[PDB]
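Participant: structural data only, the sequence is not supplied:
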Ligand SMILES: Nc1ncnc2c1ncn2[C@@H]1O[C@H](CSCC[C@H](N)C(=O)O)[C@@H](O)[C@H]1O
Ligand SMILES: Nc1ncnc2c1ncn2[C@@H]1O[C@H](CSCC[C@H](N)C(=O)O)[C@@H](O)[C@H]1O
């Protein structure tokens, strides 16, 4: 994990996100009252970009914490820009560090694929509960996860890739039975499962299109970063989305994304609320795109149809930074109430 | 990190799909069933259990198939389904933490990574030999061998056109970060650069070389006797010399490394027939290891009789012990000694 974040090359990818960058930019400077002459802790500074803007905008002192050797660059960068007298870049895992003082603002960019991937917010919680004074602000102040039924040609690409996978495995076992004389038949099933788990069962990074969304989007979890806790991170949700097309569409899968907001405390508000969304757009991509969850079996669907969804979202056992999505779906026609029930496990890795 | 990959049938599959590698091992066994007829066999890192199966097919008394990964499950089912469970015993664990109901006649295993030495799976085979093999014991393969040879390849252009791309993209990036956001990224121009050279240039590429692309005499850098090879023998120094052949006129663009493996058994129990598995430049024979290429930072002209005096030093990286580093020091001397043109570059295998 920490591995990939130690590359300049990876770090600039993020910095290249104009959408990602504009939001934090405008959140800081359009609200330089949370910063003027205050103390900020930038959580997971990496390049130290967010930690520079805070100083640039009035922060008396800014603790920029980075777990990787990337810290050594955030230093040259904060020093090369003449803010070394404000920003203190400390290398090390925020979980293991002690500060001299409590902090007014915690600023971080902890959001992953589908928001919860990487579980870096667990570090921010630690930082907030250990340091944020009783009256501190947080950037972002709230977050939000969304889901919606979509219609993509990728559903078929991946079924066509699994089918091929399966076509090859059967030539190969024929080959190995002719020469060598070993019969590979009984590993057909395990090679099946391992393959549905990879082309079908595992969420795809896609760049959805507003026109690909075929129902009302649902909010699958709201969040308050001033108050959220790790215990509430593994999450269960039930809601409903309605078809709006002719429909003359099929259910090919579900897309998931997230909202983020810079609003302030209900009591130290933002002069101006800034929103970073990843909702599909014809123009604004993010490096997060959306997570497409592909349909093992596409389904016909008409307008007015009513998709009752039951999501359950737990962090994996092998690796707590990966997700596993349990998705139960009872579809109901406009008229109550036929159905097309089914249950599917998707993996965010 | 390492083992993770081998728990994948799809991967185990790639290797089993490698005809050259299979033909070699399959023949090694059946052309020599005299080591296997009624013998006890240890297979180290069984995977699908393919070597265990053949051994048992060749009349072994009992076979021992050790896999670290949950793949042991499938070798175990793969051996039941071929009516060999009464001879083959698939065990789950590391050959380092496992004990045996007895000593073993033959130790067969496919432990060779990229450029022979990657993954360092031989450490496990050794351990397996030292504790379990009996004096009489034979080993498959019985010898190994790493080679090196100066080459001519358009990939040394491909990568530097790649690097330049990278650099160009950065200088725009930084200019775009200053225009909006008001940060100058200048102090990171050099570090960015080194990362990009470390990654495009100094890092070994997989390649499938044509024998024509070999512009000098090859050279043996290391030769291995699996019966006696130590783990300390595994960090390696090698000073060779090579002579440019094509050399009417070509360009030095980098180096290729590859390995040989041999199944000759023992001098007091020799193979009825010796089998070989080579990864040299082929024209008609491919392998999943291919050849490892080490690019020239800067390509150099070269002629007939030009003498490449190479100083090599193979060692493992501090971070991971399964990865390699190669300090390659090069003195080039024209057929008329000298004058020179000497360089020094450390290459990473990952
Ligand atoms: N517990 C922890 N302590 C310190 N740094 C952490 C951390 N968990 C994640 N990080 C770091 O936080 C960074 C998140 S990526 C964000 C980069 C930068 N803040 C920006 O917005 O441009 C990574 O560089 C990662 O190394
Ligand atoms: N110390 C160890 N103990 C058990 N298995 C090991 C091991 N080190 C490596 N392996 C396993 O050995 C295999 C190496 S690839 C060999 C696959 C198979 N024997 C064949 O020849 O086709 C991998 O499955 C790896 O997981």
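Facilitator: Right, received. Where do you want to start? Residues are numbered from 1 along each chain as shown, chains lettered A, B, ... in the order given. Ligands and ions are numbered 1, 2, ... in the order given.
Participant: residue A:109 touches residue A:45, doesn't it?
Facilitator: No: in this structure residue A:109 lies outside contact range of residue A:45 using C-beta atoms under 8 Å: 9.5 Å. In this view, the C-beta of every residue, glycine as well, is placed from N, C-alpha and C.
Participant: higher neighbour count, the two?
Facilitator: residue A:45 (31 against 21; other C-beta atoms under 10 Å in any protein chain shown).
Participant: need the contact list for the more buried one.
Facilitator: A:51, A:64, A:65, A:66, A:71, A:74, A:89 (C-beta atoms under 8 Å, 6 or more residues apart in numbering or on different chains).
Participant: will you turn those into a markdown table that also has distance to ligand 2, neighbour count and secondary structure?
Facilitator: Listed next are the contacts of residue A:45 as a markdown table, based on distance: C-beta to the nearest ligand atom, whole Å; neighbours: other C-beta atoms under 10 Å in any protein chain shown; DSSP: H, G, I helix; E, B strand; the rest coil:
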| residue | distance to ligand 2 | neighbour count | secondary structure |
| --- | --- | --- | --- |
| A:51 | 43 | 31 | helix |
| A:64 | 42 | 32 | strand |
| A:65 | 38 | 26 | strand |
| A:66 | 35 | 27 | strand |
| A:71 | 36 | 19 | helix |
| A:74 | 39 | 27 | helix |
| A:89 | 41 | 24 | strand |
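Participant: closest to residue A:133 out of those?
Facilitator: Top of the list for closeness to residue A:133, among the contacts of residue A:45 and by C-beta to C-beta, is residue A:65 at 17.1 Å.
Participant: and the nearest residue to the closest one once chain neighbours are set aside, how close does it get to residue A:113?
Facilitator: Nearest non-adjacent residue to residue A:65, counting by C-beta to C-beta, 6 or more residues apart in numbering or on different chains: residue A:94, 4.8 Å away. Residue A:94 sits 21 Å away from residue A:113, going by C-beta to C-beta, to the nearest Å.
Participant: also residue A:333?
Facilitator: From residue A:333 to residue A:113 the distance is 34 Å (C-beta to C-beta).
Participant: between these two, which one's more packed in?
Facilitator: residue A:113 (21 against 14).
Participant: residues contacting that one?
Facilitator: A:203, A:205, A:288, A:291, A:348.
Participant: what is the burial count for the residue in the stretch 51-200 of chain A that chain B sits nearest to?
Facilitator: Relative to chain B, the nearest point of the stretch 51-200 of chain A is residue A:80 (3.5 Å; C-beta to the nearest C-beta). By other C-beta under 10 Å, 16 other residues sit near residue A:80.
Participant: just residue A:231 next, same as before
Facilitator: 6.
Participant: how about it, phi and psi?
Facilitator: With angles defined as degrees, to the nearest 10, residue A:231 sits at phi -60, psi -30.
Participant: ok, now residue A:251?
Facilitator: According to degrees, to the nearest 10, residue A:251 has phi -90, psi 120.
Participant: so how far is ligand 2 from it?
Facilitator: To ligand 2, residue A:251 is 40 Å away according to C-beta to the nearest ligand atom, to the nearest Å.
Participant: with adjacent residues omitted, what lies nearest to that residue?
Facilitator: That would be residue A:299: by C-beta to C-beta, 6+ apart, it lies 4.5 Å from residue A:251.
Participant: which element is that neighbour on?
Facilitator: strand A:290-301 (DSSP states H and E).
Participant: buried set for that strand?
Facilitator: A:290, A:291, A:292, A:293, A:294, A:295, A:298, A:301 (16 or more other C-beta atoms under 10 Å in any protein chain shown).
Participant: likewise for stretch A:34-54?
Facilitator: A:34-35, A:38-54.
Participant: got the end-to-end distance for that stretch?
Facilitator: Stretch A:34-54 has an end-to-end distance of 9 Å (C-alpha to C-alpha, to the nearest Å).
Participant: please see if that stretch touches ligand 1.
Facilitator: Yes: contact of stretch A:34-54 with ligand 1 (C-beta under 6 Å from any ligand atom) involves A:44, A:45, A:46, A:47, A:49, A:50.
Participant: how about residue A:143, nearest residue that isn't a chain neighbour?
Facilitator: Once chain neighbours are set aside, the closest to residue A:143 by C-beta to C-beta, 6+ apart is residue A:223, at 4.3 Å.
Participant: err, residue A:13, not the other one
Facilitator: residue A:287 (6.3 Å).
Participant: same question for residue A:119.
Facilitator: Going by C-beta to C-beta, 6+ apart, residue A:119 has residue A:321 as its nearest residue, at 4.8 Å.
Participant: good, wrapping up.
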